[PDB]
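Protein chains get the first letters and strands the later ones, always in sequence-line order, with residue 1 at the start of each.
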Amino acid sequence: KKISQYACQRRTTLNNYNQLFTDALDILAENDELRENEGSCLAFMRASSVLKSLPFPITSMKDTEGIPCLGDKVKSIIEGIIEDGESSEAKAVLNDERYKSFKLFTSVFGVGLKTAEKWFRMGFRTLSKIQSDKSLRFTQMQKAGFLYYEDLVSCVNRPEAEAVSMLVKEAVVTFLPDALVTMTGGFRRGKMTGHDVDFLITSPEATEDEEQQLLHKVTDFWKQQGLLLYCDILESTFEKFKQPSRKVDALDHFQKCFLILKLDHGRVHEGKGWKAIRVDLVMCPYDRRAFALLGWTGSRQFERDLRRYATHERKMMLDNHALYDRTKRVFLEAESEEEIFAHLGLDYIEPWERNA
DNA sequence: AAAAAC
DNA sequence: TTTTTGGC
DNA sequence: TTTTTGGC
DNA sequence: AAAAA
Ligand SMILES: [Mg+2]
Ligand code: NA
């Protein structure tokens with residue numbers, strides 16, 4: 001009966017009954033995000049997440065009673081939306097130059113918060129003027145980001161994600177016959193669209209060399225066919241005999257690659273006959289496959305509340321590699337996502353219920 | 001991790 | 001040396 | 001009141 | 001911005 005403040009203790013399908021409220025809270029979170037007002041940003045995000053799990057639309061202020069993450073500021077937003085069907089706060093943010101520049105500049109692959117801010121503070125307002133500016137120097141990611149801009153901003157659909165899955169699975173199984181290839185991210189949560197297509201690769205019997213070489217063989221096979229538009233392969237920092245290892249980087253230790261793939265229309269169930277698609281591939285050691293899966297399934301809010309619940313409710317440390325129990329002073333082993341949920345004392349949440 | 005400015 | 005970006 | 005917010 | 005310490 002009582003709604004939990006943690007996303008990992010809620011079932012969130014893609015059936016959002018409160019889209020008008022959550023859309024406005026998403027804009028307010030992004031406005032605080034660009035301003036590096038971390039706490040306020042996370043408060044708007046948490047409020048947007050809890051409303052997504054509601055099995056009914058909020059139609060009055062009496063409806064907001066007993067729902068956690070909703071304080072006086074979020075309540076005043078909700079109240080304003082009930083009044084005329086619009087959020088004057090969100091509308092004011094949408095028309096803001098700094099907000100518009102942020103959304104526009106970060107929409108380029110390889111441009112984040114810091115580069116967007118520099119460009120806005122430098123007086124840039126449009127992508128054409130950034131691009132043609134002879135004094136600016138672009139990174140390799142930004143160059144690909146500008147080169148495939150329109151394909152990359154158009155969201156990957158389900159028949160495209162399915163065509164990419166067929167391509168990824170065929171290539172991996174060719175070079176490693178026993179490989180387990182699982183599509184992760186948004187598409188595993190049953191989303192119909194996404195910004196990219198995420199995968200997790202693992203093998204029960206690959207040697208250390210075969211395991212490290214798989215992403216190199218698979219990306220070289222595609223480069224031979226002219227299908228690899230962008231490729232960044234990040235070597236693993238995962239040392240089995242040196243666990244845990246606290247990183248300055250928020251990303252995990254696994255060997256992974258960020259790609260841009262040329263996807264022929266002939267593979268999807270006209271124009272130039274192809275589409276540039278962002279594809280992420282993660283290679284993990286076989287014993288870590290459940291933590292890697294849980295970690296890469298998402299959503300982002302589901303993941304951060306799993307960690308927050310592990311810390312503050314269970315005195316445990318969860319990441320994409322392991323589950324550490326600080327009281328018992330032991331790592332909790334798991335060969336499935338169900339086992340991780342059971343170790344945390346959480347009822348199992350299906351991937352399509354993690355859309356927090 | 002990798003790039004890149006430095 | 002440094003910062004910035006890439007991911008859920 | 002200060003601390004925490006993914007010790008990502 | 002909201003909840004816990
Ligand atoms: Mg994704
Ligand atoms: Na970007």
**Per A:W296 side chain, nearest of listed nucleotides B:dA2, D:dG6, C:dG7** = C:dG7

**Prompt:** Rounded to whole angstrom units, what separation is found between the CG atom of A:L259 and the P atom of C:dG7?
**Reply:** 11 Å

**Item:** Under 4.0 angstrom between A:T311 side-chain N/O and D:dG6 OP1 or OP2
**Value:** no

**Request:** May I ask you to check whether A:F105 and A:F120 place their ring centres under 6.0 Å from each other?
**Result:** no

**Prompt:** Between A:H312 and D:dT5, does any side-chain N or O lie under 4.0 Å from OP1 or OP2?
**Reply:** yes

**Item:** Minimum-distance nucleotide to A:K73 side chain [options: C:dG7, D:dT5, E:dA2]
**Value:** E:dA2

**Message:** So if I take every side-chain heavy atom of A:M317 and compare against D:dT5, D:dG7, C:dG7, which nucleotide ends up nearest?
**Reply:** D:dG7

**Request:** Ignoring the backbone of A:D198, work out which of E:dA3, C:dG7, B:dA4 is nearest its side chain.
**Result:** C:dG7

**Asked** Roughly, in whole Å, what's the span from CG in A:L294 to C1' in D:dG6?
**Response** 13 Å

**Message:** Counting only side-chain nitrogens and oxygens, does A:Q5 get under 4.0 Å of the OP1 or OP2 atom of E:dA4?
**Reply:** yes

**A:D249 (side chain) and C:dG6 (base): donor-acceptor pair under 3.5 Å** = yes

**Request:** Provide, to the nearest angstrom, the distance between the CZ atom belonging to A:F291 and the P atom belonging to C:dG7.
**Result:** 25 Å

**Fill in**
Looking only at E:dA2, C:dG6, D:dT5, the nucleotide nearest the A:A43 side chain is E:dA2

**Message:** Under the convention that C1'-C2'-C3'-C4' above zero is north and below zero is south, what is the pucker of D:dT2?
**Reply:** south

**Request:** Measure from the side-chain heavy atoms of A:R46 and tell me the nearest of C:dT4, D:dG6, B:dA4.
**Result:** D:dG6

**Asked** Expressed in whole Å, how much space separates the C1' atoms belonging to C:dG7 and D:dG6?
**Response** 13 Å

**Request:** Give one of base, sugar-phosphate or nothing for A:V50, where a contact means two heavy atoms less than 4.0 Å apart.
**Result:** nothing

**Message:** Any base atoms under 4.0 Å from A:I233, or only sugar-phosphate, or nothing? Heavy atoms, all strands.
**Reply:** sugar-phosphate

**Asked** Under 4.0 Å: is that the gap between some side-chain N or O of A:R307 and OP1 or OP2 of D:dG7?
**Response** yes

**Message:** List the residues meeting ring-ring contact (aromatic ring centres under 6.0 Å, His included) with A:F258, not counting sequence neighbours, and say none if there are none.
**Reply:** none

**Separation of D:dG6 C1' from A:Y6 OH (nearest whole Å)** = 12 Å

**Request:** Using a heavy-atom cut-off of under 4.0 Å over every strand shown, decide if A:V111 touches base, sugar-phosphate, or nothing.
**Result:** sugar-phosphate

**Prompt:** More than 12 non-hydrogen atoms from neighbouring residues, nucleotides or ligands closer than 6.0 Å to CD on A:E335, yes or no?
**Reply:** no

**Message:** It should be established whether A:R278 places a side-chain nitrogen or oxygen under 4.0 Å from OP1 or OP2 of nucleotide C:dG7.
**Reply:** yes

**Prompt:** Under 5.5 Å centre to centre and under 30° between the ring planes, is that true for the bases of D:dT5 and D:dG6?
**Reply:** no

**Message:** Among D:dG6, C:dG7, B:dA4, which nucleotide has an atom closest to any side-chain atom of A:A250?
**Reply:** C:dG7

**Request:** Could you work out which one of C:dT5, B:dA2, B:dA4 sits closest to the side chain of A:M141?
**Result:** C:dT5

**Request:** Please state whether the phosphate of D:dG6, meaning OP1 or OP2, lies under 4.0 angstrom from any side-chain nitrogen or oxygen of A:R304.
**Result:** yes

**Prompt:** How close or far is atom P of C:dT4 from atom CH2 of A:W119, stated in whole angstroms?
**Reply:** 13 Å

**Message:** Just to confirm a value in my table: C:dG6 sugar, north or south, sign of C1'-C2'-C3'-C4'.
**Reply:** north

**Request:** Whole angstrom is fine here: how far is it from CD in A:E313 over to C1' in E:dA3?
**Result:** 11 Å

**Request:** May I ask you to say what A:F302 touches in the nucleic acid, namely base, sugar-phosphate or nothing, with a heavy-atom cut-off under 4.0 Å?
**Result:** nothing

**Request:** Grab the CG-P distance between A:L113 and C:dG6 for me, whole Å please.
**Result:** 10 Å

**Message:** Do C:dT4 and B:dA2 pair up in this structure? I mean Watson-Crick (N1 to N3 plus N6-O4 or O6-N4) or G-U wobble, both distances under 3.5 Å.
**Reply:** yes

**Prompt:** To the side chain of A:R246, which of D:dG7, B:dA4, C:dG6 is closest?
**Reply:** D:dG7

List the atom pairs, donor and acceptor, that lie under 3.5 Å between side-chain atoms in residues 340-348 of chain A and the rest of the protein, sequence neighbours left out.
residue, atom, partner, partner atom, Å
A:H343, NE2, A:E333, O, 2.7
A:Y348, OH, A:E337, OE1, 3.4
A:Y348, OH, A:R354, NH2, 3.1

**Gap between atoms CG and P, on A:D252 and D:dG7 respectively (whole Å)** = 15 Å

**Item:** Candidates C:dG7, B:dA4, C:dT4 - which lies nearest the side chain of A:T115
**Value:** C:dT4

**No-hydrogen, no-angle side-chain donor-acceptor test under 3.5 Å, A:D151 and A:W274** = no

**Item:** No-hydrogen, no-angle side-chain donor-acceptor test under 3.5 Å, A:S154 and A:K275
**Value:** yes

**Asked** When we call it a touch if two heavy atoms are under 4.0 Å apart, what does A:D232 touch: a base, just sugar-phosphate, or nothing?
**Response** sugar-phosphate

**Request:** Taking atom types as modelled, find out whether A:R10 and A:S49 have a side-chain donor-acceptor pair closer than 3.5 angstrom.
**Result:** yes

**Member of A:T184, A:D252, A:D280, A:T182 meeting the side-chain hydrogen bond (donor to acceptor under 3.5 Å, both in side chains) criterion with A:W296** = A:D252

